[PDB]
């Protein structure tokens, strides 16, 4: 993958969450996510995909991943997907927007989904 080395490693967002990911040559993303906020403790499994043959015109590398918020400690009956792009360089970044859906009854489904945006850096 073009940015396999760039993406693999430990990333941190503006909330202090820790995103540990391995990018595979086939376009796979695997790793763990630890949220500094919310109904969460310790690490959760994540899995996703990235464009392993991105454009060479300076564009970023599109990618996404999911965490379901169940582990051996807690279950928040919810999942978040981050959709974004990796931007290489001296200050590499993964810029994302995300959707956090909670399991609800049908009557509460209108209020089932939060939206936000996280920026991940290699430092902090």
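Residue numbers count along the first chain shown, from 1.
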Mean Cα B-factor comparison, 38-46 or 63-71, giving the higher one as deposited: 38-46
Highest mean C-alpha temperature factor of the two stretches 101-109 and 13-21, which is it? 101-109
What third of its chain's C-alpha B-factors does residue 56 belong to: lowest, middle or highest? highest
Hey, what third does residue 84 fall into on Cα B-factor, ranked over its chain? lowest
Which third, lowest, middle or highest, does the CA B-factor of residue 76 fall in along this chain? middle
Using only modelled residues of the chain, where does the Cα B factor of residue 94 rank: lowest third, middle third or highest third? lowest
Relative C-alpha B-factor of residue 119, binned into the chain's lowest, middle or highest third: lowest
